[PDB]
S.K.: 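I'd like to ask some things about the structure below.
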Amino acid sequence: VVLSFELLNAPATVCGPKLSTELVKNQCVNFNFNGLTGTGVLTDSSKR
Amino acid sequence: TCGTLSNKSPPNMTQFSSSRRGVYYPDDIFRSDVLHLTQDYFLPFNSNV
Ligand SMILES: *[C@@H]1O[C@H](CO)[C@@H](O)[C@H](O)[C@H]1NC(C)=O
Ligand SMILES: *[C@@H]1O[C@H](CO)[C@@H](O)[C@H](O)[C@H]1NC(C)=O
């Protein structure tokens, strides 16, 4: 079997088994959203 | 079962211009508030049609 992936800016359709944790805001944290992972401060936003 | 035709004239092939007509999004990457210069299969402007 050949699995072909794509990692677009589009809703996640298949995910790895990772457990998921509560949001932490206004603190510098590591984060991982749908495999998009980095480090920074998370806050609410005015963005649409 | 198929319908049938006769006295069907040959196509005439008269030609027109795609005046800026037919642009499309070349890839799935989301972009916003930017200018993107790209090489792809596009219908050229003022192409024969
Ligand atoms: C068919 O083609 C001729 C020239 O080959 C052209 O004069 C004529 O207008 C065309 N038919 C139509 C309906 O435009
Ligand atoms: C086809 O294209 C060329 C240049 O794009 C143009 O000069 C020509 O007139 C077009 N065809 C017809 C039948 O006009």
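Just so you know, ligand 1 is whichever comes first in the structure, and atom 1 is the first atom listed for that ligand. Lettering follows sequence order; numbering is per chain, from 1. Both backbone and side-chain heavy atoms feed into the values below; hydrogens, waters and symmetry mates do not.
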S.K.: For atom 10 (C) of ligand 1, is the nearest protein heavy atom under 4.0 Å away?
M.R.: yes
S.K.: How close does the nearest protein non-hydrogen atom get to atom 5 (O) of ligand 2, and which residue and atom is it?
M.R.: B/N48 OD1, 3.9 Å
S.K.: Rounded to the nearest 0.5 Å, how far does CG of B/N46 lie from CZ of B/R21?
M.R.: 12.0 Å
S.K.: Is atom 1 (C) of ligand 1 near the protein, in the sense that some protein heavy atom lies at less than 4.0 Å from it?
M.R.: yes
S.K.: State, to 0.1 Å, how close B/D40 and B/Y24 come at their nearest heavy-atom pair, and which atoms those are.
M.R.: OD1-OH, 3.9 Å
S.K.: Does atom CZ of B/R20 have more than 12 heavy-atom neighbours, drawn from other residues, nucleotides or ligands, at distances under 6.0 Å?
M.R.: no
S.K.: What is the distance from atom CD of B/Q15 to atom CG of B/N48, rounded to the nearest 0.5 Å?
M.R.: 4.5 Å
S.K.: Can you find a protein heavy atom closer to atom 7 (O) of ligand 1 than 4.0 Å?
M.R.: no
S.K.: Counting only heavy atoms not in B/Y25, do more than 12 sit closer than 6.0 Å to its OH atom?
M.R.: no
S.K.: List every atom of ligand 2 that sits less than 4.0 Å from any heavy atom of B/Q15, numbering the atoms from 1 in the order shown and giving each element.
M.R.: 1 (C), 10 (C), 11 (N), 12 (C), 13 (C)
S.K.: Would you mind listing which atoms of ligand 1 come within a distance below 4.0 Å of any non-hydrogen atom of B/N12?
M.R.: 1 (C), 2 (O), 3 (C), 8 (C), 10 (C), 11 (N), 12 (C)
